[PDB]
Structure formats: structure tokens, C-alpha cells
Amino acid sequence: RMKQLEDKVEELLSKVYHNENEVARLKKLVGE
Amino acid sequence: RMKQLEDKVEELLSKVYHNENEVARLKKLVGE
Amino acid sequence: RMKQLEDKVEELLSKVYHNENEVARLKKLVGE
Ligand SMILES: [Cl-]
Ligand SMILES: [Cl-]
Ligand SMILES: [Cl-]
Ligand SMILES: [Cl-]
């Protein structure tokens, strides 16, 4: 379970960062 | 702590996916 | 590895919530 967990956190890290970047751009495009 | 961790990753998975979906729609609505 | 994992989930919790809040506002600003 520890390796399952670490693999999944590694994946979540990436998706969260991606979402941060997309939100940053959207904020710019809307002026927020 | 292992069960706490897994429960929390399970919850984070869901929220991240939800955020991905909402961002996808917003990108469409703004044209991004 | 357990402490590394918990520290990282704690950080991901925060970033996910932040992203939720930003998405909520954007949805309002676009009308989504
Ligand atoms: Cl990171
Ligand atoms: Cl997220
Ligand atoms: Cl998933
Ligand atoms: Cl939380």
C-alpha cells in the first residue's frame, strides 16, 4: 500500500500543478 | 496513519478530477 | 516515507482547496 500511495501522490502532484497553471491563465483571460 | 493517508488520497483524487472537469468547461467558455 | 507522504498530502490538500476557491470565483465571473 505504501508504493500505491506514493505513486498516486506523484500523480496527484502533477495534476494539481497543471490545474494551478490553467487557473492562472484563466484568471488572466477573465481579469481576476 | 496509513488508513488516514489512503482515505485522504481517495478524497483528493475526486476533488482533483472535479477541478479538472470544471477547468475544461471554463476553458471552453472563455475560448482557452 | 510515511512522513514524506503525510507532509505532501498536507500540501496537496491546501493547493486543491485553493484551486476549488479560484474555480468557484471564475465560474461566477463567467456565469458557469
Ligand atoms: Cl510538487
Ligand atoms: Cl486541483
Ligand atoms: Cl484517479
Ligand atoms: Cl481538506
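Located above this text is the structure these notes cover.
A brief structural summary.

Thresholds applied
Residues numbered from 1 in each chain as written, not as in the entry; some residues may be left out. Chains lettered and ligands numbered in written order. Heavy atoms only, no water. Residues with missing side-chain atoms left out of burial classes, pairs and counts. Least-squares fit on C-alpha atoms. Contact = heavy atoms within 4.5 Å. Nonpolar A, V, L, I, M, F, W, Y, C, P; charged D, E, K, R; others polar. Helix = DSSP H or I, 4+ residues; strand = E, 2+ residues; numbered from the N terminus. Expected span 1.5 Å × (residues − 1).

On to the relation of the copies chain C and chain A, then. Mapping chain C onto chain A is achieved by rotating through 120 degrees and translating by 0.0 Å along the same axis, at an RMSD of 0.0 Å. A rotation of that kind, with that shift, is consistent with a three-fold axis.

It is worth spelling out the interface of chain C and chain A at this point. Counting residues at the interface gives 15 residues for chain C, matched by 15 residues for chain A. For the side of chain C that touches chain A, the class distribution of residues is 9 nonpolar, 1 polar and 5 charged.

Because each turn of an α-helix spans 3.6 residues, side chains separated by three or four positions end up pointing in the same direction. Given a rise of 1.5 Å per residue, 29 residues ought to cover 42 Å, and the 41 Å separating the end C-alpha atoms of helix α1 (residues 2-30) of chain B matches this to within 8%. Structurally, α1(B) contributes buried residues whose contacts are with α1 (2-30) of chain A together with α1 (2-30) of chain C. In the stretch just after α1(B), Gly31(B) is the one whose phi turns positive, near 75 degrees.

Summarising the element assignment, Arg1(C) is placed in the segment before α1. Not counting residues up to four positions away in its chain, the partners in contact with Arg1(C) are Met2(A), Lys3(A) and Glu6(A).

The next point concerns the interface of chain B and chain A. Across the boundary between the two partners, chain B contributes 15 residues, which contact 15 residues of chain A. Considering only residue class, the side of chain B that touches chain A consists of 9 nonpolar, 1 polar and 5 charged.

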